Amino acid sequence: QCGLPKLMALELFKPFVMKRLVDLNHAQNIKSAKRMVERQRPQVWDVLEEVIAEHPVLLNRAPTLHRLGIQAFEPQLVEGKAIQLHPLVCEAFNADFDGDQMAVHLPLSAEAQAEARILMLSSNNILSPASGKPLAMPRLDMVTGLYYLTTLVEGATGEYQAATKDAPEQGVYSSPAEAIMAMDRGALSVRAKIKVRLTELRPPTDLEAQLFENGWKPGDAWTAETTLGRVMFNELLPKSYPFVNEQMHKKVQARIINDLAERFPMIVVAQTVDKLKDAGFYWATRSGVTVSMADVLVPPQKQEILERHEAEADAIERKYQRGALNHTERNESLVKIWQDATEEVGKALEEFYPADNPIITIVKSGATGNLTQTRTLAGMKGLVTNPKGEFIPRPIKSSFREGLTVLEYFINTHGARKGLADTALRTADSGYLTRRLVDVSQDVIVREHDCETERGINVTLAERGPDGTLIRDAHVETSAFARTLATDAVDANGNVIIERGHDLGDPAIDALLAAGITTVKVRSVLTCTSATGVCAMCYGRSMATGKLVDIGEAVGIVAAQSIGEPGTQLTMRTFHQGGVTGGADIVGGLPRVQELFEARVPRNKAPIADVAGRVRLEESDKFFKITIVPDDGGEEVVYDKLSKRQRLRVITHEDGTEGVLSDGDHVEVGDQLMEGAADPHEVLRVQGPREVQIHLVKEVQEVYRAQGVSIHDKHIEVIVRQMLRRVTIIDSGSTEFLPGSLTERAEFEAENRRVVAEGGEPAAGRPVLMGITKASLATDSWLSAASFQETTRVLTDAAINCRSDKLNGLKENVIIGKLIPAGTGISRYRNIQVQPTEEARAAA
Amino acid sequence: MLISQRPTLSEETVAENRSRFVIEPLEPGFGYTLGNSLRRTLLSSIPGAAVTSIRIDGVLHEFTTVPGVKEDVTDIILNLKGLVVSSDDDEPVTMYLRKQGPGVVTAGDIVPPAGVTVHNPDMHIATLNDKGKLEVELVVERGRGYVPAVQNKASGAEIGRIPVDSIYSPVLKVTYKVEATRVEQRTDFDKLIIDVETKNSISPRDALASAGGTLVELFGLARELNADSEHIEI
Amino acid sequence: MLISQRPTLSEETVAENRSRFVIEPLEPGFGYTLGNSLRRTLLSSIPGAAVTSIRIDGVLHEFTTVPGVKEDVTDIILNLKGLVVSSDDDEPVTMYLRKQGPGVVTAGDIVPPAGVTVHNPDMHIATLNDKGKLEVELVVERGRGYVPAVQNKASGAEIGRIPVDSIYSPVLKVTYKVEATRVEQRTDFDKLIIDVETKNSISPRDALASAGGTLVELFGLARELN
Amino acid sequence: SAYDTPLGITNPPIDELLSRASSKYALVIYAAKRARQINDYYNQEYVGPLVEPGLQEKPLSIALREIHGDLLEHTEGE
Amino acid sequence: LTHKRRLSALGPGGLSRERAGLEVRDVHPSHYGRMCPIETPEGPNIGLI
Amino acid sequence: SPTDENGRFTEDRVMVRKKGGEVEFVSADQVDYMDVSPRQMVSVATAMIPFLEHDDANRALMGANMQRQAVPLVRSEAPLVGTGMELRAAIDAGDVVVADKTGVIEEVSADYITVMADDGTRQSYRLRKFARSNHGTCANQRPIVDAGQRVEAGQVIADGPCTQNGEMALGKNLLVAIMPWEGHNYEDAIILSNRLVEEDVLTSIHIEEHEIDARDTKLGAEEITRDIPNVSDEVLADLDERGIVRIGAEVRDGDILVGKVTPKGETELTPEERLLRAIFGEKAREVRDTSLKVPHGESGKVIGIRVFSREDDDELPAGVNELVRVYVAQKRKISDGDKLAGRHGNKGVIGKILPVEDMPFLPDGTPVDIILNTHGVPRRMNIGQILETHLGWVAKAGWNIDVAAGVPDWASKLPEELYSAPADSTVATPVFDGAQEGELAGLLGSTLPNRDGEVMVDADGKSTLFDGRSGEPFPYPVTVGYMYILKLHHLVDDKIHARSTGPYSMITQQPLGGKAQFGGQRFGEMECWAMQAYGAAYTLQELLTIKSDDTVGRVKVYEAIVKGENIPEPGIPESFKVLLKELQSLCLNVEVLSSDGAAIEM
Ligand SMILES: [Zn+2]
């Protein structure tokens, strides 16, 4: 639901209101109804209520970085002039109620209304499309309440205690109602430990297996050792959900919502999040979280730490005066010392604060903020940067609680002024990369259900390690999760756990870990053999909804948006015009991603082993020399111009710990000899199309992981697939392929198998790796080609061939004005015929 | 001054002893004025009988367990607190529960004195083991609301007289909420939804009637200061 | 144990327009809700009298000045909003305030018709110099709560009428306190003390009686059940 | 399944409708076509509503309730 | 009052329309005591005014 | 830097700025100069933010600029806690009238002040009343002197539009409780008591200036008349003989302000139009109505008319005869969506206005005016607002520091003038030299009791608030005080916009842009990407064609909606038609085929 102002709704629905006014005889003609609406007569408000009912409206807030920026809501009239927005969607819209505006659009046609009511409804978009994690979940205030409600504190009024002489158990209640009655009298605190008999809350599975070996049913009473607040919280969850009994940190709430998403339909999730919102607001009101300087505690160890580090700063100054240091080195040493001082002050402040202090309670619960802000507010501001972006040796030892001095404030203003321009400039590079990604993969749509391919990629789930418990792989949640199995998974006894083609959800991964199987084979977009687009089974689970992708999904644009949205968090090239070229220092961020997607030769190139064999290594004044002798092969291979500045690759086995690559080591084909970035073209030449795609995906995901961004591998795979779709012809046999021309691999294989009159006389060709730009700069459609290339040449070539265009390019359809060939626009659904059944029609 | 429209009270049945009452339309702001008062009146005004102490013969200080029965003393106390008892005595009354031999002992096995009625004889109390027996005496007296177990620190005539919490009020759970409704072109009017779950000894309708009577009774004191002072009228 | 003792209410004066009412004994936990309900009723639904519109001879709208008057029309209206009056008839009544020559015009210069009383003549309306002539006609009505100014077009009044905000509320400030009582040996029953201060229109006793009557009428709905 | 009564345009539940169509995209066109038929009938050879209509329910709501009621059939256009 | 005391870098004979890069619109140390570092419009003229 | 009575430094090392702008510590014998005062770096606006130490640079910037957007209220009120600059800035602005020469106030009135100087000269100062500023705000002045009073040279004798007693009064000081409340202040939203609406605390007067003129045309000169054709007497009842709305009449959107008619060209009536002329006896006339009307969503009372005409020798643009300007004034109260903010950069929008009985109230029964969420203070690093709250509470209720056993150790630095003060005693705290944390903490515990003799706020600045709705006391004390907040010029009344159908641009055929032109909202390429990602083909198609430059489809859809017909299907836009025609012109046999290899269609 959303609140829609009366005056705005009236203008939006004017024609409908006029129709209804004429229908009800309040106006004798369209002109009279128009005059009535314009002059806002008393009666129009009675018809507006009838018209507005059940008519969804789209809400949007530019810029629209991801598809959830436009969402449909059911409008209801409200007084005043400000739109009322549901809090849970703020995160989706990136909106705060401090002056933001929002735009409203009205679907007109029946198809548009159905699309808004089904595809775009807010309650249907709980999960983010980038990683499938819930997005419309409790936040800020709602967390603080739920964190307060479920907290357990020792010594609370009426808390449980054991039996004693002349006294049975003193804190046991016969039902939640009795506990609430006791709380109303002040005898019991909502956060006190109690033992309560629950009969409608399902016991924890481990407790259920013991207490009820025949399975728990409603009405079965069990004694739970918990707090009244936790019982109250657990009543908000679905009835069948096991009792949790835990303090609801934001991470725990995210876990619970994720679990609900898998096991229950979306409607139950929406109702649960609404109930959580209500309870969180109610208990955040009464959590007592307030701010005053009495609550802003300053650690008593700040003085000692500051003088202790001032002594070392004075030592640095003394050594500089003696001539043992240079200016820049002295500045760097002082920066190191004061960073250490700030770190220790932050640790002391974190230790000092009580667990129930509002300032630190707001942070620790995950509701808002981070400990750096708390340290700045109370501990000390720390170091600040020059206009050039370099740290000033002398830090701001004061804290905003104490109040900065004049000079400290003046030097602090530099970074504040810089950030305003930095934030504005950060969006340009992100938009550039996002446009590139959208261009390369706009028309990648799911065209068929199953391609019936046996190929796939191997993904690792865990390492059984040295202990008796295997450790879950950290990358499992974005590599194996949400895939579809290509082959059966068998336990240590050969028993099949999950069938082929099943979705590897969280329960599936947990069961796989229960059997201790470490690696599996999953179908991937990279290995999909579908001629056009990709098939649903290879793509697998839809991140936004959790079900298998429907035929017609616009997966390519979704992947492009998901990859491009977090581009602002990556590090970038320096924005200053002066200075030397920035390639000397590795800016491993958006520049690295751009380098990877464009398939350009890395500026930090490192060689790879063309042949598997043992290594003989030599050193020179400034160059390395690495030779590989193939153990099972013949002639050796030599690399004799590797710069000695680059370090040799480190291997570092668990306990062997070889460290830097040594002579006599063994290297397999595709291994990297020098630290740096492997050349994608060399990898393609040595290993082939399969390994270069894996290499590209690994390299991109490495940067995105290191920079703190979480994106599922399939989104990157969708983009990487488009880069390696052509094969260059070196020599043609019994077919009309011109030499040196680029042909689609599908057409190349099709022609090679079509040449059958004399069997096969294959034309020789090999795959070519292209950047996303060049890949996007080609198409099979002449109407689309006429918008990029010389229109006269394209039209002439199409005319002489008399070839037709099938309207599949999406970008081509918008020129025609014909609806896009994705989602509801594909012919599979556009031509649906609807007829009532004979048994249902009999009632007529 | 006449009210804009007379509010109405509708009822819905949610279970055998649970109901939901809707009061609407109310003048803007009166929903919260009525809801909390009704809830507190329901939970603290209606008198009723409850068990205030139980004495088991088989235990002096080993409260953890009682021989001949698998239930803990805590479980016995909880089950007895779940007992629904009514009386017309207005004074403490002693009730004896004695059973022998293996098998389930329930509230129906009780032998109430004259004037005392047990409304849920089918409630399970305990499961007696072989060679086992149960013998307890309960003190039942009337009251209002919820009174935490009174500690008989001065008890010299007995040491095994366990005190227990007394749920006197026949109403067990009440929860209220306030929503907005629209009459004419105004949407400030309030609607009060109050859900009441009561014991078996009284229906929710009777509890609400008694609460309303008590509240009218109490505000009559304020009204009688000057009965002719103009109020909003219905 | 069950007590048949009945609650009782006793009042005590603090000033001419302020009083304190003590209600005891009450069931434990029952005081705060009753006090809050009484406070809400007193602050929201106590009938009163207020001005609805004014007419000044030398003006057509409130965005102007009257010759010889220190205050502009908006200041005059904001000053008049502090006037508290008591009326006897539901239908609107008219009052006249006319003065000539220098001096301070206060609410005491208003001549009310039969059945209308002004309870704060010392309030300052305006100040006139030697050239100041002031003529004002005020409309007074009965009502309750806050009623925003009614548009002239809606009421059909002619130009020159200046509708003003109406505040029908004699109550000024209400609070409550709760304590324990020495009831027999139960000793946990509640004692409620509600402190009421009202504008000089009516005494606190009448306001409390009106609130009690409103609450009795509203809880009669619940009492209706058998 | 256990769930509170849906409110507004959430009735009938979305999952129950997806269980009665090939996909959400197919469901959109299915409901839109039925709503168009209902509106055309109300404008006066189509059958008209099959379920009891509300006071002023829109054609699309009637179509969705009919779909949930298993009162309609459709053939894939492919 | 604050409009009458503005110091505008943009205008004829000042800096070019398209050359107002992020470098000029910054707080140089010499601003101390003669130009306030805090007060500036939120519009596109941040630092330029 | 601390110094002795003689001026010598009392420290061995002092902080200094050197050649490169670097701040360092140097011996006491190396300094050459010092700053005259701590306020040297800040400007006039930044000098008016109390406790500026404790606010981050970004939030200080935001507060300084938001102080420039405050709208004058009907009655100004000086802040309880402020800075000494607010006085001087008020006088130097010039909006306050200052007596030039010492003398006696001979006569005082709303319109003018007459002063008799000691030397016998007489001065007359005319005050500007309800004058419209360049931005639509009211510039009303009012005198602050009494007849017969003596005024010294340079003394302020009349308050400006937004000053009280000759010092800046940009906003109002009101009671604030720092706590979340049912989520209505969630995400920087603000909750207000209904009192602020009933007492006109935040009400402001806004004046709009409409304009029109009659120009010479190729068919002749336009005319201003009351006889505009085809309007009922219900429409022009309030028009004067000249055809201009009478002063004092209230107007609403669509009402006529100035009646104007323009000559028309050839008529060439259709047969239907001729029949209508016949059946109503419409005598021929050659004028068309173009009367000025109140814009959409505007209303108020007419307060002035200014008319010019070249026949009176007034200068007018070439080819224009008469010009009329009308002033419409309205009294806007505070409403939902209006933007409020403090001086420290904390800003929000009113999400809810609660009845007075619902607001949390102090133990003595006083209901709080505003509620600010706790979660917005810490992470924004603008804790100076809490300092302002505490010091405002200390100022509202007087304080008295005991001196029976000597001055308290925390009161050593306080000047004697601050050892006591009555209620409502305004205080000053300069930006870089003001109240310290220890001094404020000590003062918080020295406040005077209330009317009943009980202290509402404890030594920590917190109080035990009651719940207005439930009536139960809140479980923990809540920070309470007085904050100075001001009404920004971002009111929702002039930001709401809507459009179903309206004007269209001739150059590109698309809807116009902006609220003034009654334009539509933009639908950028990113929105198209989002719609494609949803798979909502039909919605995107209708957005790009029906709701855009497609005249035939637009008219068809409007007709279908008004007549109740189901929306017709779109297809074959004009651009594709012309492209196909050009392709044919190039001898390229283009044709459209249905299905996977079927026949042509249309
Ligand atoms: Zn596939």
# chains A, B, ... in the order shown; residues from 1 in each chain; ligands from 1
call {"tool": "residues_around", "arguments": {"residues": "region 32-38 of chain C", "least_positions_apart": "4", "cutoff": "10 Å", "atoms": "only C-alpha atoms", "output": "CSV table (one decimal) with N, CA, C and O atoms, in the first residue's frame"}}
result
chain,number,residue,atom,x,y,z
B,30,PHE,N,-10.7,9.1,20.5
B,30,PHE,CA,-11.3,8.3,21.6
B,30,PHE,C,-11.0,6.8,21.5
B,30,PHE,O,-11.2,6.2,22.5
B,32,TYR,N,-8.0,5.3,21.5
B,32,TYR,CA,-7.0,5.1,22.5
B,32,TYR,C,-7.5,5.4,23.9
B,32,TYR,O,-7.1,4.7,24.9
B,33,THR,N,-8.5,6.3,24.0
B,33,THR,CA,-9.1,6.6,25.3
B,33,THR,C,-9.8,5.4,25.8
B,33,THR,O,-9.8,5.1,27.0
B,34,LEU,N,-10.5,4.7,24.9
B,34,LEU,CA,-11.3,3.5,25.3
B,34,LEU,C,-10.5,2.2,25.4
B,34,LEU,O,-10.8,1.4,26.3
B,35,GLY,N,-9.6,2.0,24.6
B,35,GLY,CA,-8.9,0.7,24.5
B,35,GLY,C,-8.2,0.3,25.7
B,35,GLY,O,-8.4,-0.8,26.3
B,36,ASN,N,-7.3,1.2,26.2
B,36,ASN,CA,-6.5,0.9,27.4
B,36,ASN,C,-7.4,0.7,28.6
B,36,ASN,O,-7.2,-0.2,29.4
B,37,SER,N,-8.4,1.6,28.8
B,37,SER,CA,-9.3,1.5,29.9
B,37,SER,C,-10.0,0.2,29.9
B,37,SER,O,-10.1,-0.5,30.9
B,38,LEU,N,-10.6,-0.2,28.7
B,38,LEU,CA,-11.3,-1.5,28.6
B,38,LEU,C,-10.4,-2.7,28.9
B,38,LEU,O,-10.8,-3.6,29.6
B,39,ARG,N,-9.1,-2.6,28.4
B,39,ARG,CA,-8.2,-3.7,28.6
B,39,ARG,C,-7.9,-3.9,30.1
B,39,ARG,O,-8.0,-5.0,30.7
B,40,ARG,N,-7.6,-2.8,30.8
B,40,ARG,CA,-7.2,-2.9,32.2
B,40,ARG,C,-8.4,-3.2,33.0
B,40,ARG,O,-8.3,-4.0,34.0
B,41,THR,N,-9.6,-2.7,32.7
B,41,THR,CA,-10.8,-3.1,33.4
B,41,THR,C,-11.0,-4.6,33.3
B,41,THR,O,-11.3,-5.3,34.3
B,215,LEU,N,-16.8,0.5,34.5
B,215,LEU,CA,-16.3,1.8,34.1
B,215,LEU,C,-17.3,2.9,34.2
B,215,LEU,O,-17.0,4.0,34.6
B,218,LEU,N,-17.5,3.8,37.8
B,218,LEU,CA,-16.4,4.5,38.3
B,218,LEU,C,-16.4,6.0,37.8
B,218,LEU,O,-16.1,6.9,38.6
B,219,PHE,N,-16.8,6.2,36.5
B,219,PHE,CA,-16.8,7.6,36.0
B,219,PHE,C,-18.1,8.3,36.5
B,219,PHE,O,-18.2,9.5,36.4
B,222,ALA,N,-17.0,10.9,39.0
B,222,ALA,CA,-16.5,12.2,38.4
B,222,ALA,C,-17.8,12.9,37.9
B,222,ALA,O,-17.8,14.2,38.1
C,23,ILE,N,-8.7,10.2,43.9
C,23,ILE,CA,-9.6,9.1,43.8
C,23,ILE,C,-8.9,7.9,44.4
C,23,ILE,O,-7.7,7.6,44.0
C,26,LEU,N,-7.9,2.2,44.3
C,26,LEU,CA,-8.0,1.6,43.0
C,26,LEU,C,-7.2,0.3,43.0
C,26,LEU,O,-6.3,0.1,43.7
C,28,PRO,N,-4.5,-2.4,41.8
C,28,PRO,CA,-3.1,-2.1,41.4
C,28,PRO,C,-3.0,-2.1,39.9
C,28,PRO,O,-3.6,-2.9,39.2
C,42,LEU,N,-10.5,15.6,29.0
C,42,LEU,CA,-10.5,17.0,29.4
C,42,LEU,C,-9.9,17.9,28.4
C,42,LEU,O,-10.3,19.0,28.1
C,43,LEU,N,-8.8,17.4,27.8
C,43,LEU,CA,-8.0,18.2,26.8
C,43,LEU,C,-8.7,18.2,25.4
C,43,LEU,O,-8.5,19.1,24.7
C,44,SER,N,-9.6,17.2,25.1
C,44,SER,CA,-10.1,17.1,23.8
C,44,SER,C,-11.6,17.5,23.7
C,44,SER,O,-11.9,18.2,22.7
C,174,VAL,N,-3.4,19.7,32.4
C,174,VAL,CA,-3.9,18.6,33.2
C,174,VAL,C,-2.7,17.6,33.4
C,174,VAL,O,-2.0,17.3,32.4
C,175,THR,N,-2.6,17.1,34.6
C,175,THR,CA,-1.6,16.0,34.9
C,175,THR,C,-2.1,15.1,35.9
C,175,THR,O,-3.2,15.3,36.5
C,176,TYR,N,-1.4,14.0,36.2
C,176,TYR,CA,-1.8,13.1,37.2
C,176,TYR,C,-0.6,12.4,37.9
C,176,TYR,O,0.5,12.4,37.3
C,177,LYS,N,-0.8,11.9,39.1
C,177,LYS,CA,0.2,11.2,39.9
C,177,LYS,C,-0.5,10.0,40.5
C,177,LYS,O,-1.7,10.0,40.7
C,178,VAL,N,0.3,9.0,40.8
C,178,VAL,CA,-0.2,7.7,41.3
C,178,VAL,C,0.7,7.3,42.5
C,178,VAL,O,1.9,7.5,42.5
C,190,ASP,N,-4.0,1.4,44.4
C,190,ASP,CA,-3.5,2.6,43.9
C,190,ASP,C,-4.4,3.8,44.3
C,190,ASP,O,-5.6,3.7,44.6
C,191,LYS,N,-3.7,4.9,44.4
C,191,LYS,CA,-4.3,6.2,44.7
C,191,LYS,C,-4.0,7.2,43.6
C,191,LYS,O,-2.8,7.4,43.3
C,192,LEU,N,-5.0,7.8,42.9
C,192,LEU,CA,-4.8,8.6,41.8
C,192,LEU,C,-5.1,10.1,42.2
C,192,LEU,O,-6.1,10.4,42.8
C,193,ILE,N,-4.2,11.0,41.8
C,193,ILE,CA,-4.4,12.4,42.0
C,193,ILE,C,-4.2,13.1,40.7
C,193,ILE,O,-3.2,13.2,40.1
C,194,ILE,N,-5.3,13.7,40.3
C,194,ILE,CA,-5.4,14.4,39.0
C,194,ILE,C,-5.5,15.9,39.2
C,194,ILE,O,-6.4,16.3,39.9
C,195,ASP,N,-4.6,16.6,38.7
C,195,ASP,CA,-4.5,18.1,38.9
C,195,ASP,C,-4.9,18.8,37.6
C,195,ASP,O,-4.4,18.5,36.5
C,208,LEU,N,-14.3,18.6,34.9
C,208,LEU,CA,-14.2,17.2,35.3
C,208,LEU,C,-15.5,16.5,35.2
C,208,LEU,O,-15.6,15.3,34.8
C,211,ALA,N,-16.1,15.8,31.6
C,211,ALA,CA,-15.3,14.6,31.1
C,211,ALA,C,-15.9,13.3,31.6
C,211,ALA,O,-16.0,12.3,30.9
C,212,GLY,N,-16.3,13.3,32.9
C,212,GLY,CA,-16.9,12.1,33.4
C,212,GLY,C,-18.2,11.7,32.7
C,212,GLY,O,-18.5,10.5,32.4
C,214,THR,N,-19.0,12.5,29.6
C,214,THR,CA,-18.7,12.0,28.2
C,214,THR,C,-18.2,10.5,28.3
C,214,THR,O,-18.6,9.7,27.5
C,215,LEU,N,-17.3,10.2,29.3
C,215,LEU,CA,-16.8,8.8,29.4
C,215,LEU,C,-17.9,7.9,29.8
C,215,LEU,O,-18.0,6.7,29.3
F,357,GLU,N,-3.1,15.9,23.2
F,357,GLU,CA,-3.2,14.9,24.2
F,357,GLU,C,-2.3,13.6,23.9
F,357,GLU,O,-2.0,12.9,24.8
F,466,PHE,N,5.6,10.8,30.3
F,466,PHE,CA,4.4,9.9,30.2
F,466,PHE,C,3.9,9.7,28.8
F,466,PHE,O,4.2,10.5,27.9
F,467,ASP,N,3.3,8.5,28.6
F,467,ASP,CA,2.8,8.2,27.2
F,467,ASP,C,1.4,8.9,27.1
F,467,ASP,O,0.5,8.7,27.9
F,468,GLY,N,1.2,9.7,26.1
F,468,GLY,CA,0.0,10.4,25.9
F,468,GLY,C,-1.2,9.4,25.5
F,468,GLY,O,-2.3,9.7,26.0
F,469,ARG,N,-0.9,8.4,24.8
F,469,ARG,CA,-2.0,7.4,24.4
F,469,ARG,C,-2.3,6.4,25.4
F,469,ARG,O,-3.4,6.3,25.9
F,470,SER,N,-1.3,5.6,25.8
F,470,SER,CA,-1.5,4.5,26.8
F,470,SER,C,-1.6,5.1,28.2
F,470,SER,O,-2.4,4.5,29.0
F,471,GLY,N,-0.8,6.1,28.5
F,471,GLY,CA,-0.9,6.7,29.9
F,471,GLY,C,0.2,6.1,30.8
F,471,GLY,O,0.4,6.7,31.9
F,472,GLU,N,0.9,5.0,30.4
F,472,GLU,CA,1.9,4.5,31.3
F,472,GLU,C,3.2,5.3,31.1
F,472,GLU,O,3.5,5.8,30.1
F,473,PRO,N,3.9,5.5,32.2
F,473,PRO,CA,5.2,6.2,32.1
F,473,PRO,C,6.2,5.4,31.3
F,473,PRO,O,6.2,4.2,31.3
call {"tool": "residues_near_ligand", "arguments": {"ligand": "ligand 1", "cutoff": "8 Å", "atoms": "only C-alpha atoms and all ligand atoms", "output": "MDAnalysis selection string"}}
result
chainID A and resid 450:453 523:525 527:530 534:539
call {"tool": "write_last_selection", "arguments": {"atoms": "C-alpha atoms", "output": "short mmCIF file (atom, residue, chain, number, x, y, z; two decimals), in the first residue's frame"}}
result
data_model
loop_
_atom_site.label_atom_id
_atom_site.label_comp_id
_atom_site.auth_asym_id
_atom_site.auth_seq_id
_atom_site.Cartn_x
_atom_site.Cartn_y
_atom_site.Cartn_z
CA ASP A 450 16.45 -27.24 -21.27
CA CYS A 451 19.37 -27.60 -23.69
CA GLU A 452 19.96 -31.24 -22.67
CA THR A 453 23.71 -30.75 -22.22
CA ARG A 523 25.49 -26.52 -15.04
CA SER A 524 26.54 -23.01 -16.03
CA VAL A 525 25.72 -20.34 -18.58
CA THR A 527 28.84 -24.27 -20.96
CA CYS A 528 25.24 -23.96 -22.16
CA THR A 529 24.98 -25.22 -25.74
CA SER A 530 21.78 -23.34 -26.61
CA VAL A 534 20.48 -19.37 -22.74
CA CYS A 535 18.24 -22.10 -21.36
CA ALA A 536 16.46 -21.91 -18.03
CA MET A 537 18.03 -25.04 -16.53
CA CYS A 538 21.62 -23.85 -17.03
CA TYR A 539 20.84 -20.45 -15.51
#
call {"tool": "residues_around", "arguments": {"residues": "residue 66 (chain C)", "least_positions_apart": "2", "cutoff": "9 Å", "atoms": "only C-alpha atoms", "output": "ChimeraX atom specification"}}
result
/C:56,58-59,64,68-73,132-134 /F:110-111
call {"tool": "residues_around", "arguments": {"residues": "region 22-36 of chain D", "least_positions_apart": "2", "cutoff": "9 Å", "atoms": "only C-alpha atoms", "output": "PyMOL selection string"}}
result
(chain A and resi 110-115+117-119+550-552+823-825+828-835) or (chain D and resi 17-20+38-41+58-64+66-67+72+74+76) or (chain F and resi 535-536+566)
call {"tool": "residues_around", "arguments": {"residues": "residue 97 (chain A)", "least_positions_apart": "4", "cutoff": "12 Å", "atoms": "only C-alpha atoms", "output": "VMD selection string"}}
result
(chain A and resid 82 to 87 90 to 91 93 101 to 102) or (chain F and resid 183 to 190 336 to 340 347 to 352 376)
call {"tool": "write_last_selection", "arguments": {"atoms": "C-alpha atoms", "output": "tab-separated table (two decimals), in the first residue's frame"}}
result
chain	number	residue	atom	x	y	z
A	82	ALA	CA	2.83	14.47	0.82
A	83	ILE	CA	3.01	10.88	-0.42
A	84	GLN	CA	3.16	8.23	2.30
A	85	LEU	CA	5.71	5.49	1.61
A	86	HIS	CA	6.07	2.17	3.39
A	87	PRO	CA	9.30	2.14	5.45
A	90	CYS	CA	13.10	2.71	1.57
A	91	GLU	CA	16.21	0.55	1.21
A	93	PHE	CA	14.40	3.13	-3.28
A	101	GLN	CA	10.60	13.50	-3.74
A	102	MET	CA	9.07	10.63	-5.70
F	183	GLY	CA	8.26	4.98	13.75
F	184	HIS	CA	6.65	8.28	12.75
F	185	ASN	CA	10.07	9.94	13.03
F	186	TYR	CA	11.70	7.05	11.17
F	187	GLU	CA	14.43	7.98	8.67
F	188	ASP	CA	14.83	11.63	9.71
F	189	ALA	CA	11.09	12.38	9.80
F	190	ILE	CA	9.69	14.79	12.39
F	336	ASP	CA	2.63	17.46	6.43
F	337	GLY	CA	5.62	17.42	4.10
F	338	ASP	CA	6.91	20.86	5.06
F	339	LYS	CA	10.65	20.95	5.68
F	340	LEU	CA	12.06	21.93	9.08
F	347	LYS	CA	16.71	18.57	8.83
F	348	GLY	CA	13.55	16.60	8.17
F	349	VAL	CA	9.97	16.68	6.95
F	350	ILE	CA	6.87	16.66	9.15
F	351	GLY	CA	5.54	13.12	8.79
F	352	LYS	CA	2.81	13.44	11.41
F	376	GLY	CA	19.94	10.46	13.48
call {"tool": "closest_residue", "arguments": {"among": "A:57, A:557, A:763, A:88", "to": "chain F", "atoms": "only C-alpha atoms"}}
result
A:557
call {"tool": "closest_residue", "arguments": {"among": "A:279, A:628, A:711, A:783", "to": "residue 148 (chain A)", "atoms": "only C-alpha atoms"}}
result
A:279
call {"tool": "select_by_dssp", "arguments": {"residues": "region 49-112 of chain F", "states": "strand (DSSP E)", "output": "number ranges by chain"}}
result
F: 81-82, 97-98, 103-108, 112
